[PDB]
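Participant: model-v3.pdb is the file, holding PDB, C-alpha atoms and all ligand atoms:
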```
ATOM      1  CA  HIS A   5     -15.929  20.145  10.987
ATOM      2  CA  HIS A   6     -12.594  19.731   9.343
ATOM      3  CA  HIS A   7     -12.382  19.313   5.763
ATOM      4  CA  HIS A   8      -9.647  16.910   4.814
ATOM      5  CA  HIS A   9      -6.845  16.962   2.433
ATOM      6  CA  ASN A  10      -4.699  14.121   1.168
ATOM      7  CA  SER A  11      -1.847  16.489   0.365
ATOM      8  CA  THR A  12      -1.833  17.647   4.020
ATOM      9  CA  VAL A  13      -1.200  14.074   5.185
ATOM     10  CA  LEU A  14       1.356  13.359   2.469
ATOM     11  CA  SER A  15       3.171  16.643   3.211
ATOM     12  CA  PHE A  16       3.282  15.792   6.921
ATOM     13  CA  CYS A  17       4.757  12.368   6.197
ATOM     14  CA  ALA A  18       7.087  13.486   3.352
ATOM     15  CA  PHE A  19       8.832  16.054   5.587
ATOM     16  CA  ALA A  20       8.927  13.789   8.690
ATOM     17  CA  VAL A  21      12.322  12.376   9.605
ATOM     18  CA  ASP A  22      10.594   8.947   9.744
ATOM     19  CA  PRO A  23       7.708   9.003   7.210
ATOM     20  CA  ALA A  24       6.596   5.439   7.884
ATOM     21  CA  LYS A  25       6.227   6.069  11.641
ATOM     22  CA  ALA A  26       4.530   9.428  10.981
ATOM     23  CA  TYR A  27       1.884   7.676   8.873
ATOM     24  CA  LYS A  28       1.511   4.795  11.318
ATOM     25  CA  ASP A  29       1.052   7.155  14.309
ATOM     26  CA  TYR A  30      -1.340   9.326  12.255
ATOM     27  CA  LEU A  31      -3.589   6.309  11.481
ATOM     28  CA  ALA A  32      -3.418   5.172  15.125
ATOM     29  CA  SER A  33      -4.685   8.651  16.086
ATOM     30  CA  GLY A  34      -7.805   8.194  13.936
ATOM     31  CA  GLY A  35      -6.478   9.972  10.805
ATOM     32  CA  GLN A  36      -8.051   9.382   7.378
ATOM     33  CA  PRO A  37      -5.978   6.994   5.248
ATOM     34  CA  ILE A  38      -4.327   8.295   2.085
ATOM     35  CA  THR A  39      -6.887   8.022  -0.695
ATOM     36  CA  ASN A  40      -6.836   8.059  -4.479
ATOM     37  CA  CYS A  41      -4.745   4.904  -4.928
ATOM     38  CA  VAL A  42      -5.318   3.884  -8.530
ATOM     39  CA  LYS A  43      -7.771   0.998  -8.738
ATOM     40  CA  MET A  44      -7.526  -1.317 -11.775
ATOM     41  CA  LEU A  45     -10.171  -2.934 -13.947
ATOM     42  CA  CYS A  46      -9.619  -6.668 -13.490
ATOM     43  CA  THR A  47     -11.420 -10.028 -13.603
ATOM     44  CA  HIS A  48     -10.915 -10.874  -9.916
ATOM     45  CA  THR A  49      -9.983 -14.422 -10.951
ATOM     46  CA  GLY A  50      -6.198 -13.940 -10.668
ATOM     47  CA  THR A  51      -3.604 -15.759  -8.525
ATOM     48  CA  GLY A  52      -4.048 -13.461  -5.519
ATOM     49  CA  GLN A  53      -0.263 -13.009  -5.238
ATOM     50  CA  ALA A  54       0.767  -9.749  -3.533
ATOM     51  CA  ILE A  55       2.818  -7.864  -6.145
ATOM     52  CA  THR A  56       2.555  -8.836  -9.797
ATOM     53  CA  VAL A  57       3.378  -7.767 -13.355
ATOM     54  CA  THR A  58      -0.302  -7.457 -14.253
ATOM     55  CA  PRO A  59      -3.350  -7.302 -12.006
ATOM     56  CA  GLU A  60      -3.946 -10.575 -10.160
ATOM     57  CA  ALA A  61      -6.760  -9.818  -7.669
ATOM     58  CA  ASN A  62      -8.769 -12.861  -6.632
ATOM     59  CA  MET A  63     -12.429 -12.691  -5.478
ATOM     60  CA  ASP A  64     -11.419 -11.259  -2.100
ATOM     61  CA  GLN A  65      -9.077  -8.520  -3.332
ATOM     62  CA  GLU A  66      -8.734  -5.303  -5.338
ATOM     63  CA  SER A  67      -5.779  -4.584  -7.656
ATOM     64  CA  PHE A  68      -4.102  -1.183  -7.633
ATOM     65  CA  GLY A  69      -1.250   0.506  -9.478
ATOM     66  CA  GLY A  70       1.810  -0.232  -7.332
ATOM     67  CA  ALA A  71       3.367   3.238  -7.074
ATOM     68  CA  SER A  72       0.025   4.739  -5.996
ATOM     69  CA  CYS A  73       0.104   2.371  -2.968
ATOM     70  CA  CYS A  74       3.703   3.192  -1.986
ATOM     71  CA  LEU A  75       4.231   5.803   0.771
ATOM     72  CA  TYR A  76       7.627   6.807  -0.691
ATOM     73  CA  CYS A  77       6.376   7.168  -4.266
ATOM     74  CA  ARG A  78       3.306   9.080  -3.078
ATOM     75  CA  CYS A  79       5.480  11.396  -0.934
ATOM     76  CA  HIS A  80       8.017  11.844  -3.794
ATOM     77  CA  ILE A  81      10.877  10.868  -1.492
ATOM     78  CA  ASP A  82      13.800   8.401  -1.662
ATOM     79  CA  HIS A  83      13.049   4.763  -0.714
ATOM     80  CA  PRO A  84      14.581   3.248   2.481
ATOM     81  CA  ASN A  85      17.317   1.048   1.012
ATOM     82  CA  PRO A  86      20.858   1.845  -0.329
ATOM     83  CA  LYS A  87      19.733   1.217  -3.934
ATOM     84  CA  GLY A  88      16.607   3.421  -3.691
ATOM     85  CA  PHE A  89      14.651   0.495  -5.175
ATOM     86  CA  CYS A  90      10.864   0.326  -5.023
ATOM     87  CA  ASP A  91       9.218  -3.154  -5.079
ATOM     88  CA  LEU A  92       5.837  -1.623  -6.024
ATOM     89  CA  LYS A  93       6.594   0.881  -8.778
ATOM     90  CA  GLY A  94       5.596  -0.301 -12.288
ATOM     91  CA  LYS A  95       3.838  -3.354 -10.833
ATOM     92  CA  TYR A  96       0.304  -4.059  -9.497
ATOM     93  CA  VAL A  97      -0.500  -4.717  -5.850
ATOM     94  CA  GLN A  98      -3.349  -6.886  -4.578
ATOM     95  CA  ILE A  99      -5.066  -5.662  -1.424
ATOM     96  CA  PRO A 100      -7.580  -7.679   0.557
ATOM     97  CA  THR A 101     -11.001  -6.067   0.175
ATOM     98  CA  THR A 102     -11.315  -5.609   3.962
ATOM     99  CA  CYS A 103      -8.173  -3.422   3.892
ATOM    100  CA  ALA A 104      -8.706  -1.655   0.562
ATOM    101  CA  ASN A 105      -9.706   1.554   2.379
ATOM    102  CA  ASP A 106      -5.927   1.962   3.116
ATOM    103  CA  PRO A 107      -3.649   0.362   0.509
ATOM    104  CA  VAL A 108      -0.676   2.517   1.484
ATOM    105  CA  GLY A 109      -0.992   1.431   5.150
ATOM    106  CA  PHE A 110      -1.511  -2.136   4.053
ATOM    107  CA  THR A 111       1.705  -2.329   2.051
ATOM    108  CA  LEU A 112       3.636  -0.620   4.901
ATOM    109  CA  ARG A 113       2.419  -2.967   7.627
ATOM    110  CA  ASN A 114       2.599  -6.258   5.740
ATOM    111  CA  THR A 115       5.076  -8.643   4.169
ATOM    112  CA  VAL A 116       5.060 -11.062   1.236
ATOM    113  CA  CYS A 117       5.909 -14.765   1.542
ATOM    114  CA  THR A 118       9.088 -15.194  -0.568
ATOM    115  CA  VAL A 119       7.989 -18.823  -1.169
ATOM    116  CA  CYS A 120       4.390 -18.460  -2.440
ATOM    117  CA  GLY A 121       4.273 -14.730  -3.196
ATOM    118  CA  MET A 122       1.098 -14.218  -1.119
ATOM    119  CA  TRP A 123       0.744 -11.684   1.714
ATOM    120  CA  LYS A 124       1.526 -13.215   5.080
ATOM    121  CA  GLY A 125      -1.740 -13.461   6.979
ATOM    122  CA  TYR A 126      -3.744 -12.557   3.849
ATOM    123  CA  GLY A 127      -3.284 -15.461   1.454
ATOM    124  CA  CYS A 128      -0.208 -17.490   2.353
ATOM    125  CA  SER A 129      -1.306 -21.055   3.190
ATOM    126  CA  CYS A 130       2.197 -22.466   3.562
ATOM    127  CA  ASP A 131       2.634 -24.802   6.570
ATOM    128  CA  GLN A 132       3.927 -23.094   9.736
TER
HETATM  129 ZN    ZN B 201       7.756   3.430  -4.194
HETATM  130 ZN    ZN B 202       3.648 -18.632   1.621
END
```
Starting from the coordinates I provided, produce the structure as structure tokens.
Facilitator:
Amino acid sequence: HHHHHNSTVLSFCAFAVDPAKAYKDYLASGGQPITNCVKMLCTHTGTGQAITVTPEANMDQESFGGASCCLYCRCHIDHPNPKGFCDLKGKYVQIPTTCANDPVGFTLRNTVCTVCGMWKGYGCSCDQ
């Protein structure tokens, strides 16, 4: 059985003392990723950079509205920095197609190369 409910998951995380860990542990337990991230119409011929002013998905990505892929925005809670600043809100986020089932998890787990603007491990081809 069990019917599933996005709001159940978001409620659980929103009211957790550590929402990021709550979501991470929930996924690790086999939980269904947060759905309904807002997928954009785009050419799929963009730069493939992680977080952009307009959609920039390449052939191997999807572009989504940034806030819809942000755990803190989606939970309607303050962001984890003194300023309360969200890097995603008002922007567009590119998610590799293999991970597009869980954009919120993807943005939580991953980091952007400050040099090339691509996701580390998913686009950055800078020398190591
Ligand atoms: Zn946010
Ligand atoms: Zn890079």
Participant: For atom CA of residue A:38 and atom CA of residue A:25, quote the distance in Å rounded to one decimal.
Facilitator: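 Separation of atom CA of residue A:38 and atom CA of residue A:25: 14.4 Å.
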Participant: May I ask for the distance between atom CA of residue A:75 and atom CA of residue A:94, given in Å to one decimal place?
Facilitator: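 Here the two named atoms are 14.5 Å from each other.
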Participant: Convert the output of the PyMOL selection byres (((chain A and resi 127) around 9) and not hetatm) on the shown file into explicit residues, formatted as a list in words.
Facilitator: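 For this structure, the PyMOL selection byres (((chain A and resi 127) around 9) and not hetatm) captures residues 52, 53, 54, 100, 121, 122, 123, 124, 125, 126, 128 and 129 of chain A.
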Participant: Since I can't run it myself right now, could you work out what the PyMOL selection byres (((chain A and resi 96) around 12) and not hetatm) selects here and report it as a VMD selection string?
Facilitator: chain A and resid 41 to 46 50 52 to 61 66 to 74 91 to 95 97 to 99 107 111
Participant: I'd like to know which of A:32, A:77, A:103, A:120 is closest to ligand ZN 201 (chain B), using only C-alpha atoms and all ligand atoms.
Facilitator: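 Smallest distance to ligand ZN 201 (chain B) is found for A:77.
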Participant: Could you check which of A:102, A:16, A:82, A:36 is closest to residue A:65, using all atoms listed in the file?
Facilitator: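 Closest to residue A:65 of all the choices is A:102.
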Participant: Which one of A:64, A:48, A:24, A:39 sits closest to residue A:84 if you count all atoms listed in the file?
Facilitator: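 Between A:64, A:48, A:24, A:39, the residue approaching residue A:84 most closely is A:24.
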Participant: Selected by the PyMOL selection byres (((chain A and resi 23) around 12) and not hetatm) in the shown coordinates: which residues, as a VMD selection string?
Facilitator: chain A and resid 13 to 22 24 to 30 74 to 84 109 112
Participant: Quick check, in Å to one decimal: how far apart do atom CA of residue A:12 and atom CA of residue A:105 lie?
Facilitator: 18.0 Å
